[PDB]
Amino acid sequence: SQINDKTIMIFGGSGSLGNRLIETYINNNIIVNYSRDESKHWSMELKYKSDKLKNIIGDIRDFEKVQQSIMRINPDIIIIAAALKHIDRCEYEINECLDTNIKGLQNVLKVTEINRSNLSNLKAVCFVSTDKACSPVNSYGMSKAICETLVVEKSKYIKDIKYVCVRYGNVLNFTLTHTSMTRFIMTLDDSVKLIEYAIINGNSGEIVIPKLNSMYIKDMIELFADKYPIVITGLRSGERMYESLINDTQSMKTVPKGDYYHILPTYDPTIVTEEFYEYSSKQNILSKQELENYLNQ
């Protein structure tokens, strides 16, 4: 609604987030998806049936293909959201996540710098991150955490493009990991709104964070086993018990703005507070009662 008449290029836009972004913006914008699997390209074209949706086959690891594609499109907005789904299998296939996440993003970022003179339209770059990047404890989270610093780094040296990140928890859109596990609650539409908000209202170099309630995963799964038994699988390798969105180091540079928090870039000398805090899914937890009402609505 504040993104209109734009060409939006999305790396990894053939998944859930990508398809929701397309549904949301295709009526008023050109959308270019860049991803590897052309089967999904085919099905997407059949769904939207619009010349305003273009797919490019390519791997974000491939600098040449990334550079050629960005220069062909000359987009106003770039959104980076390419990554694997099952985060835990990064742990013993580490090269695979380093390359897709770190190298992929450094490919896109590099084009915006070295080929800046050929990208007259580019105004904003939005990297989609994850709560797993905050105080990370697994390879996937560590790589995403590095990705954020790379975005912050470009924002320091390249002043005429807005570089922002968003960081969020699990999107909702019988098995139980652990009875103590907590997560933040958010929907696929919340993700999209977060992304637009950051593009429009975030400042270059910021990491923007949504204000979310949280739940015991056990409370949720219990509900589903009544509308519709439960096996308790163990923790996966590298998995933590809770989600953290802001840690005490970041909290000192976090400006709260109602529904969203803006983590100021590290190169900003401003100290917001010395009353440090953590923002995690272990606090402000919905009752089972409250969770039931939310899932219902």
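Numbers for residues come from their place in the sequence shown, where the first is 1.
Unmodelled residues of the deposited sequence between neighbouring positions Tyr228 and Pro229 number 1 to 3. In the deposited sequence, the stretch from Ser180 to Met181 has no residues without coordinates, so the chain runs on without a break.
As the entry records it, the average C-alpha temperature factor is higher for 270-278, out of 270-278 and 12-20. Here 71-79 and 154-162 are compared by their mean Cα B-factor, and 154-162 comes out higher. In this entry, the residue among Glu96, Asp219, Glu91, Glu148 with the greatest C-alpha B factor is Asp219.
Ranking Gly238, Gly58, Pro265, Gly234 by Cα temperature factor from the entry places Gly234 first. Ranked by Cα temperature factor within the chain, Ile207 sits in the lowest third according to the deposited record. When the CA B factors of the chain's modelled residues are split into thirds, the value for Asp51 lands in the highest one. In this PDB entry, the Cα temperature factor of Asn201 sits in the middle third of its chain's modelled residues. Ranked within its chain, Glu45 lands in the highest third, by CA B factor from the PDB record.
Ranked by C-alpha B-factor against the other modelled residues of its chain, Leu223 falls in the highest third.
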